[PDB]
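Residue numbers start at 1 and run along the sequence shown. No hydrogens, no waters, no symmetry mates; every other heavy atom, side chains included, goes into these values.
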Amino acid sequence: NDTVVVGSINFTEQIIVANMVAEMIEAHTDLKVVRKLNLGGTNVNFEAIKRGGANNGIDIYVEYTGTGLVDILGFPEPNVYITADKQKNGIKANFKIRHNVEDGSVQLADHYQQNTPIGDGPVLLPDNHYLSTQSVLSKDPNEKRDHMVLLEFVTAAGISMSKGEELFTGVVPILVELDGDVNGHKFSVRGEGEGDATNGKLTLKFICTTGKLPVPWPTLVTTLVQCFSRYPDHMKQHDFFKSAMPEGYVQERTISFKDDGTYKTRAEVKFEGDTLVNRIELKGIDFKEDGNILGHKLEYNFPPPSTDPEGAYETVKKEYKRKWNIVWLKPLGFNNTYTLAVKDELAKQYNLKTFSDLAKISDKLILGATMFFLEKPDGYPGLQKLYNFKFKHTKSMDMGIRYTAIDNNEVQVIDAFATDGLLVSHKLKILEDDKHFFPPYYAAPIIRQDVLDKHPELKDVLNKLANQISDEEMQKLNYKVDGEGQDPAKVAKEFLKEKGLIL
């Protein structure tokens with residue numbers, strides 16, 4: 001009609017910029033603006049925008065480039081996090097796979113993995129690290145059988161060779177055999193190819209030898225030889241998979257498909273002759289017969305993405321358009337990433353500036369960080385290992401305890417959002433993520449295409465905010481609300497008036 005709904009989550013910075021977006025539409029169009037709060041994280045704005053203003057959703061909100069990448073869109077193949085499992089003399093891994101659905105939604109596959117050597121001898125038990133994988137799925141146009149051509153590059157990261165590894169120094173032939181059952185539908189897959197572990201490359205073709213595969217091929221990818229991962233030179237003592245060779249290892253997985261069935265898989269990976277063989281039993285239970293898996297509603301290809309500002313922005317732009325029909329406008333100008341802050345007296349005293357400069361100082365206490373930040377694998381833990389932070393202690397303070405401790409110098413470093421209003425009232429300086437651990441979180445306005453169709457002027461109106469809010473500005477405005485207790489709606493107005501952007 002004549003009404004547009006602007007959403008915000010229950011977060012000070014979001015409330016300010018969403019008030020700004022609403023004021024701009026009111027100042028530069030004749031539309032009615034409905035300002036709608038959502039409770040949750042930035043995924044609730046996304047479900048609200050998919051509903052739309054017509055259905056007690058929203059039409060517009062401010063999203064962060066990195067947020068659209070990591071959740072909402074998601075890495076299709078994230079890092080497979082590996083940890084030692086003393087009790088099985090092996091390793092454990094947990095990770096999520098994201099399968100695109102033909103209707104635009106995403107189908108999550110939670111993988112829980114365990115590996116145990118088949119032989120009795122010593123094997124490598126690694127420190128925590130991860131595997132980075134990119135799979136490309138293709139078709140052989142001449143192949144009549146239900147099949148899948150697969151290319152995989154796998155590298156270990158997150159941190160002179162076992163006898164087992166000596167068996168991988170060239171190209172190794174691979175045989176994969178799977179016997180399967182899903183809700184009673186029995187099937188078999190056979191695959192052959194080769195693996196080149198020095199390059200972390202797998203090349204394989206899989207065929208269903210019992211007819212039409214009853215599940216989509218992308219759900220079998222993780223099931224159908226992590227011993228071909230490329231472990232860099234400085235990490236070769238963390239490669240359990242090759243060190244268990246030639247006797248090999250048993251791999252077991254539970255794969256739960258969100259709101260659908262689960263896969264139970266047991267595999268033996270070992271040398272036979274000079275072939276690396278992966279023999280799998282898979283059982284699938286409790287799948288909905290009209291669901292994504294048994295209904296064959298998943299897209300065949302994984303996507304590829306980029307973690308630099310422009311590539312991330314362009315990626316969320318393309319995919320949000322292709323899936324769900326949603327338009328990204330221009331960035332407001334600030335990057336609200338997660339960061340570390342110290343007292344500004346401490347920063348000039350020791351001439352700090354960057355995370356590396358901080359890491360060089362081990363006589364510091366980082367117990368002022370939130371538990372979530374200390375517990376997330378890509379929170380402090382990953383950061384600690386990329387920068388080798390040598391912090392004295394690491395207690396986990398939440399509420400506002402963190403801020404009051406750095407105030408009294410019980411703690412010297414805290415975690416914070418880069419635009420956190422409280423950084424100014426406590427006189428702390430943020431530090432530069434020089435090694436770019438975190439993805440960029442540039443805020444930009446987001447709008448449904450059909451609202452844009454109905455009201456084309458909204459594109460120009462919302463782009464009048466492009467690069468109109470620097471990091472320092474968003475900090476000062478967050479401060480006025482969280483520090484001084486001003487109404488966020490009045491804070492947004494005053495800023496826009498002072499810029500001549502509204503009446």
Side-chain angles (χ1 to χ4, degrees), residues 76-77 80 82 88 90-99 101 107-118 131 133 135 137 145-150 152 154 174-193 195 202 204-228 241 244 248-270 272 275-300 302:
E77 311 179 66
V80 168
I82 295 179
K88 324 286 152 188
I91 58 145
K92 270 196 217 242
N94 312 287
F95 55 94
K96 305 197 173 242
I97 301 277
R98 278 171 232 277
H99 298 295
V101 184
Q107 171 60 76
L108 182 74
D110 291 316
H111 291 58
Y112 308 82
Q113 174 178 336
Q114 303 165 167
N115 290 63
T116 305
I118 293 185
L131 297 177
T133 304
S135 304
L137 285 69
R145 300 162 299 187
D146 213 352
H147 71 285
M148 159 176 78
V149 178
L150 188 56
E152 228 160 87
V154 188
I174 304 170
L175 166 72
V176 186
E177 294 184 335
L178 178 142
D179 279 341
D181 172 270
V182 177
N183 287 19
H185 298 145
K186 298 200 92 300
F187 65 95
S188 296
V189 168
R190 180 190 163 98
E192 334 173 75
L202 292 178
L204 289 150
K205 173 181 192 185
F206 297 93
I207 56 177
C208 176
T209 48
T210 64
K212 156 252 182 176
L213 197 70
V215 295
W217 285 103
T219 70
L220 295 190
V221 162
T222 63
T223 294
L224 310 152
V225 291
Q226 294 164 316
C227 43
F228 290 100
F241 310 95
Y249 50 83
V250 176
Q251 178 157 287
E252 278 160 346
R253 281 214 188 95
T254 306
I255 300 167
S256 51
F257 292 86
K258 153 267 295 169
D259 289 324
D260 207 339
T262 88
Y263 289 168
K264 222 83 195 191
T265 68
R266 191 182 163 285
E268 301 194 352
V269 187
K270 56 158 172 294
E272 317 204 297
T275 303
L276 193 277
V277 316
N278 183 15
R279 306 174 192 280
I280 310 134
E281 261 152 349
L282 181 156
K283 287 172 227 103
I285 44 164
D286 200 28
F287 286 88
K288 325 202 279 205
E289 300 262 308
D290 43 354
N292 292 330
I293 285 88
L294 289 184
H296 295 78
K297 300 181 196 183
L298 303 181
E299 297 183 348
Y300 181 66
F302 287 112

Test item: [X] side-chain N/O and [Y] main-chain N/O as donor-acceptor pair under 3.5 Å:
X    : Y    : result
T209 : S188 : yes
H296 : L294 : yes
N183 : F287 : yes

Using the test side chain to side chain contact (heavy atoms under 4.5 Å, CB included), find all partners of [X] that sit at least two apart in sequence or belong to another chain.
X    : answer
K258 : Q107, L108
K264 : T254
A267 : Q251, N278, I280
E281 : none

Using 0.5 Å steps for rounding, measure from the [atom1] atom of [X] to the [atom2] atom of [Y].
X    : Y    : atom1 : atom2 : value
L204 : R190 : CG    : CZ    : 11.5 Å
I91  : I82  : CD1   : CD1   : 4.5 Å
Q114 : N94  : CD    : CG    : 9.0 Å
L282 : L178 : CG    : CG    : 5.5 Å
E192 : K205 : CD    : NZ    : 9.0 Å

Set of salt bridge (charged side-chain N to carboxylate O under 4.0 Å, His left out) partners for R279, sequence neighbours left out: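 Once residues adjacent in sequence are excluded, the partners of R279 under the salt bridge (charged side-chain N to carboxylate O under 4.0 Å, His left out) criterion are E177, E272.
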
Work out which heavy atom in [X] is nearest to a heavy atom in [Y]; give both atom names and the distance.
X    : Y    : result
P117 : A244 : CB-CB, 4.4 Å
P76  : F302 : CB-CD2, 3.9 Å
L150 : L137 : CD1-CD1, 3.6 Å
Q226 : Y249 : N-OH, 3.6 Å
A109 : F257 : CB-CE2, 3.8 Å
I293 : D260 : CD1-OD2, 3.6 Å

If you define the side chain from C-beta out and look only at heavy atoms, does anything of [X] sit under 4.5 Å from [Y]?
X    : Y    : value
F95  : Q113 : yes
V277 : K270 : yes
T133 : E152 : yes

Under the side chain to side chain donor-acceptor pair (under 3.5 Å) rule, collect the residues that match up with [X], sequence neighbours excluded.
X    : result
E77  : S135
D181 : none
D110 : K96
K297 : none

Using the rule given for side chain to side chain contact (heavy atoms under 4.5 Å, CB included), can you reason through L175 versus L276, listing the C-alpha separation, both sets of side-chain angles and the distance that settles it, and then say yes or no? CA-CA 6 Å; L175 166 72; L276 193 277; over 6 Å; no

Which pairs, with at least one residue in residues 282-296 and sequence neighbours excluded, count as a salt bridge (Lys or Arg N to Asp or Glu O under 4.0 Å)?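 The answer is none; no pair qualifies.
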
Determine all donor-acceptor pairs shorter than 3.5 Å in which one atom belongs to a side chain in residues 215-224; sequence neighbours excluded.
unit_1, atom_1, unit_2, atom_2, d
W217, NE1, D146, OD1, 3.1
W217, NE1, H147, O, 3.2
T219, OG1, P216, O, 2.9
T219, OG1, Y263, OH, 2.9
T222, OG1, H111, NE2, 2.7

Output, in order, the C-alpha distance, side-chain angles, deciding distance and verdict of side chain to side chain contact (heavy atoms under 4.5 Å, CB included) for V250 and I118. CA-CA 6 Å; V250 176; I118 293 185; 3.9 Å; yes

Please determine whether side chain to side chain contact (heavy atoms under 4.5 Å, CB included) holds for the pair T275 and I174, giving the CA-CA distance in whole Å, both sets of side-chain angles, and the decisive distance to 0.1 Å. CA-CA 6 Å; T275 303; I174 304 170; 5.7 Å; no

